[PDB]
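Visitor: Below: one structure in structure tokens.
2 protein chains.
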Amino acid sequence: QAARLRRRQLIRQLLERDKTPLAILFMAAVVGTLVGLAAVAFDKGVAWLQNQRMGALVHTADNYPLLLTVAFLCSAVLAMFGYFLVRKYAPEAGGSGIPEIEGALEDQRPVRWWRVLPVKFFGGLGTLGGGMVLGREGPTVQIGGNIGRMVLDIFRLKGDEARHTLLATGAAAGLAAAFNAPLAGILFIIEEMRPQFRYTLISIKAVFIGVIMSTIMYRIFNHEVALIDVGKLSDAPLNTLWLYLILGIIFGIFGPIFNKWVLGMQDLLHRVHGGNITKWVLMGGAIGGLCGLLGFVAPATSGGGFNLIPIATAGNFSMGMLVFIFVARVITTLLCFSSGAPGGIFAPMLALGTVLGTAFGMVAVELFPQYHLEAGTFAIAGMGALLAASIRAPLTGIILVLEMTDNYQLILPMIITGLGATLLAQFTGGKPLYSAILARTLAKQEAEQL
Amino acid sequence: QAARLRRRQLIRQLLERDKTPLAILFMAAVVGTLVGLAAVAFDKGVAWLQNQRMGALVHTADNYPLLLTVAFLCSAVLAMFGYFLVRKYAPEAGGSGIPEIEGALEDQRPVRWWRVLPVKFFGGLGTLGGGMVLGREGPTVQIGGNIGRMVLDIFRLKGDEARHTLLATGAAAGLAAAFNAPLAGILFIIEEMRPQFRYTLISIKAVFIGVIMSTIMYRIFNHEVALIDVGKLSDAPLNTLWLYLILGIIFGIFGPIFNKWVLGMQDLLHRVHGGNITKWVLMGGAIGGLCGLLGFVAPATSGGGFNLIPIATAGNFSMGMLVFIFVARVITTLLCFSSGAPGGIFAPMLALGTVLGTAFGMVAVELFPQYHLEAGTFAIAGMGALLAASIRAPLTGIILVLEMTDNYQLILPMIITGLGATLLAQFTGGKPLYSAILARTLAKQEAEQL
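Protein chains in written order, with our numbering: chain A, 394 to 843; chain B, 394 to 843.
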């Protein structure tokens, strides 16, 4: 056999490793600064909207049915202003965004930044300030993916590598500005969002440059870095690593069930309006008002969830309220994500996995006194376990939980739960969510024009 | 016309995603157990030989003529026992072994588990018990990859997915049980040792199971993980982040010079013996004796390098001793890696980066009193900087220094120094060392084929 032809080119391919050009390496530092300054403005707008809501709630709080009407309408109008821009100006904007940038990294789903930027920035603000149960990473990864195409057409940058290493750098530097997690930005773009079947040139050094130039510009403005404020929990002993495997089994069984429910509620809600704009924007306003009424009364069954993760993880939640929080959050996460709204389910998945981890830990510390357990270790171990069973990005989820909760002493329970989740999500017929939505929007577009 | 015809295939590929068969997932659960049980025996053999060397030399401490010759001969015999078992039986076990495993993950430079595995475990245990400046990283990655090839032929398993997966999960469980770093072990296999040009189906759900079934088998026997035992260092505010870029620039200008020195000392020492085994085993014994000598007199310029790191990072190293450690540690590191000894240069880079970071911080806190700095922050930020300059895999270096030091809050000073080292290693004209040793061995194999 003449097998000295492949080796003779591997000789000259191994020496030319990591040779990214300066014309890409500088535009990475440009797109990272742009997505940092965009995500900072998005966070400082969604904070100002919630401040203006909760400053007008307690201002006139004498007449309770009028106050409930105010808390309904002040969220419903901002939700209608977030559904109308999506249904009129950019139909590819409504959703998690990551199923669109994951398609854009495989040369389908064309990025039109001139109409996805002032829709996912000015309607995503309106539908996340209303208090709907969504996280601000959908309209940050999608906005960064549009900025990664904005500074490729505004600079007339030729090439085929340079599109996929800037459209991915801006996307990966949005999840590093939404969660204040630099490592999660790279380990999301090299593990889940990359083309998983073919070979593509995405320069990891440009990804690093964009991620740190977005994280610096995030930490310059958003000071007092207290995104998740769990304490230091007890280290998990080695003789009780088998409980974080049963927690992984529970999460990996629940994972494809939640994955089927999310993909079924879209097709169930797709026939209550049928595609009409004046009925879609009026159904979305009602759902955004129902997610503001539940933000005013029973304040745990709403919001991005980031305010109830420190109240969990060995906190004061009894189980009779902790199962109600889980039911009323799994009934409102897939009711305000699976309706065509700007906003991706990462934060209302972390807020679901944390509640279920606490609900398992409250049983495991009662049944097992001889282990001297702590009921908050299972919450950190199961925070990134619905993200490792429905999104099926366990290396991203474990690193993200390590980034934002700082507890390293239970890294082995984190990875045991994250690999007990993916195994029984695979063995029970479960697809990854951000690929099963991409395979749906690439089949609807296929059956539209054959 | 390759848009719809690729859509029809991409839908079917996205639906059938992340579906590794159970045979590879069980063989990768039995690989990691054997790799952990072999790394534990390797560590307990080298920590027995170093103990029964240092406690046996002290039986005669009055005769200072006799003591130096005892500390020389008792280390030179164990070095010759490594340089003989490498040369006579398995000549590919010399050097590190990682640029042989990452070559064997590209369908050439094959794995010989029946020849290398009782060479890298015995000659490696000899030449690391001799006190030489090598890590237990090469002899654990290569032993892991060859164990993962051993149980691919014991069980008669087939395929090109299973071969690459069981060859990658053993070498990813080697780094996870060599450094007690269950995240750096996989972040080495998805960044450095994978083939970077073609697309091979390394199943990451089976790499992770081999990692978490090996970290457990390490943690059962080796409690009290104290490879690095730095405290809780002070955080680095935003006005001092430009110093961890000058540190990255210094490391990126040192990296290619260190790779040139490594690749030049090999071609210089290859003219001493000329390939003769009876001269190689007699030269390498005298080379390894000048680390069992330095382990007795001035014991910091010897050893694996996981000592002296808590003595650095804001410790009692003065600058006049810290320049001597760096000028007399590089010499032995070159002399004992580029001579054919079984041992990887991955640990004597994590102890050169710490010394250079401390020597930078000790002048930073002298020159900038208005910043209120600390020399340990530069040390932890520059520990995984030569690993990003020379090996040019910055992500696993940042993850590894996050693993073993457990200082998280300087993650931005770590990652800035990492990418600033990789950039200035690219612009100066540097190549990755683990892809310059492989592209030298393959060029020797080609030019020897008459």
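Ideal Cβ placement from N, Cα and C applies to all residues, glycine included.
Sort B:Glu617, B:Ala566, B:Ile830 by Cα distance to A:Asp628 and report the nearest one.
Guide: Of B:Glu617, B:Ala566, B:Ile830, the residue nearest in Cα terms is B:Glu617.
Visitor: Nearest chain A C-beta to B:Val748 closer than 9 Å, yes or no?
Guide: Chain A, which has no Cβ nearer than 9 Å to the Cβ of B:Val748, makes this no.
Visitor: DSSP state of B:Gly667, grouped into three classes?
Guide: Residue state, collapsed to three classes: coil.
Visitor: Short check: CB of B:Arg400 to CB of A:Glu841, under 9 Å?
Guide: No; because the gap between Cβ atoms is not below 9 Å, this pair is not in contact.
Visitor: Going along the stretch 557-577 of chain A in order, which residues come within less than 8 Å of chain B, judged by CB to CB distance?
Guide: Residues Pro575, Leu576.
Visitor: Confirm, please, whether the CB-CB distance from A:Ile540 to A:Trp506 is below 9 Å.
Guide: Yes; because the gap between Cβ atoms is below 9 Å, this pair is in contact.
Visitor: Is B:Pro703 close to chain A, meaning its C-beta is less than 9 Å from at least one C-beta of that chain?
Guide: Taking Cβ atoms only, chain A never reaches closer than 9 Å to B:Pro703, which makes this a no.
Visitor: Taking the alpha carbon of A:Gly496 as the reference point, which residue from A:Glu585, A:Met610, A:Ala421 has its own alpha carbon closest?
Guide: Here the closest residue by C-alpha is A:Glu585.
Visitor: Along chain B, in chain order, which residues have C-beta atoms closer than 7 Å to that of A:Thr608?
Guide: Those within 7 Å of A:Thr608 in chain B are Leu805.
Visitor: Using a Cβ cut-off of 9 Å (strictly closer), state whether A:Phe515 contacts chain B.
Guide: No, its Cβ sits nowhere closer than 9 Å to a Cβ of chain B.
Visitor: Do you know how far the Cα of B:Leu803 is from the Cα of B:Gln763?
Guide: Rounded to whole angstroms, B:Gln763 to B:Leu803 spans 19 Å at the Cα level.
Visitor: Looking only at its own chain, which residues have a Cβ that is under 7 Å from the Cβ of B:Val794, when we skip the five neighbours before and after it?
Guide: Cβ within range, chain order: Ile773, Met776, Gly777, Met807.
Visitor: Residues of chain B with CB under 8 Å from A:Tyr592, in chain order?
Guide: Within 8 Å Cβ-Cβ: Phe590, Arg591, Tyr592.
Visitor: Given a cut-off of 9 Å, decide if A:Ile830 and A:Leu661 are closer than it, judged by their beta-carbon atoms.
Guide: No. Outside cutoff.
Visitor: Distance, Cα to Cα, A:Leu683 vs B:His765?
Guide: Going by the C-alpha atoms only, they are around 51 Å apart.
Visitor: Using DSSP with H/G/I as helix, E/B as strand and the rest coil, what is A:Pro735?
Guide: It is a strand residue.
Visitor: Would DSSP call A:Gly528 helix, strand or coil?
Guide: Residue state, collapsed to three classes: strand.
Visitor: Chain B beta carbons: is any one of them nearer than 9 Å to that of A:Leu812?
Guide: Judged by the 9 Å Cβ criterion, A:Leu812 is in contact with chain B.
Visitor: Identify each residue in the stretch 411-439 of chain A for which the Cβ-Cβ distance to at least one residue of chain B is less than 9 Å, and report them in chain order.
Guide: Those residues of the stretch 411-439 of chain A that come within reach of chain B (Cβ to Cβ, closer than 9 Å) are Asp411, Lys412, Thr413, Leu415, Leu418.
Visitor: Of all the alpha helix (DSSP H) runs that stay within the bounds of the stretch 758-805 of chain A, which reach a length of 4 or more residues?
Guide: Taking only runs of at least 4 residues, the alpha helix (DSSP H) segments lying wholly in the stretch 758-805 of chain A are 770-776, 787-798.
Visitor: Flag this pair as touching only if the stretch 403-422 of chain A and the stretch 539-555 of chain A have three or more C-beta atom pairs under 8 Å; answer yes or no.
Guide: Touching, per the Cβ criterion.
Visitor: My output table needs one value for A:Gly813: the three-state DSSP class, helix, strand or coil.
Guide: Reduced to three states, the DSSP call for A:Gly813 is helix.
Visitor: Helix, strand or coil: which one does DSSP assign to A:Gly425?
Guide: In this structure, A:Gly425 counts as helix in the three-state DSSP scheme.
Visitor: With DSSP as the reference, label B:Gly523 as helix, strand or coil.
Guide: Here B:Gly523 sits in coil by DSSP.
Visitor: Give the residues of chain B in contact with A:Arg505, contact being defined as C-beta atoms less than 9 Å apart.
Guide: None at all; the shortest Cβ gap to chain B is about 17 Å.
Visitor: Answer yes or no: does any C-beta atom of chain B fall closer than 9 Å to that of A:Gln659?
Guide: No, A:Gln659 lies away from the interface with chain B (no Cβ there is under 9 Å from its Cβ).
Visitor: Tell me the rounded alpha-carbon separation between residue 361 of chain A and A:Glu485.
Guide: No answer is possible for residue 361 of chain A: the residues shown for chain A start at 394 and end at 843.
Visitor: Could you round the C-beta distance between B:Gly531 and B:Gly475 to whole angstroms and report it? I think they count as a contact, below 8 Å.
Guide: Not a contact, Cβ separation roughly 12 Å.
Visitor: With DSSP run on the structure shown, which of helix, strand or coil describes B:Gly496?
Guide: Three-state DSSP puts B:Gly496 in a helix.
Visitor: Flag this pair as yes or no: are the beta carbons of A:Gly737 and A:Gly528 separated by less than 9 Å?
Guide: Their beta carbons are under 9 Å apart, which means A:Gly737 touches A:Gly528 by this criterion.
Visitor: Run through DSSP, which three-state label would A:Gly696 get?
Guide: It is coil, neither helix nor strand.
Visitor: I want to see whether chain B comes within less than 9 Å of A:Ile547, judged by CB atoms only; does it?
Guide: Judged by the 9 Å Cβ criterion, A:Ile547 is not in contact with chain B.
Visitor: If the cut is a Cβ gap below 8 Å, which residues of chain A does B:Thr815 touch?
Guide: The contacting residues are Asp411, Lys598, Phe601.
Visitor: Just how far apart, CA to CA, sit A:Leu568 and B:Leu461?
Guide: If you take the alpha carbons of A:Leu568 and B:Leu461, they lie about 58 Å apart.
Visitor: For A:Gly713 versus A:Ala818, is the C-beta spacing smaller than 9 Å?
Guide: No, the Cβ-Cβ distance between A:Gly713 and A:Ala818 is not below 9 Å.
Visitor: Does the beta-carbon of A:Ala464 have 16 or more other beta-carbons within 10 angstroms, so that it is buried, or is it exposed?
Guide: Looking at its Cβ environment, which holds 16 or more other Cβ atoms inside 10 Å, A:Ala464 is buried.
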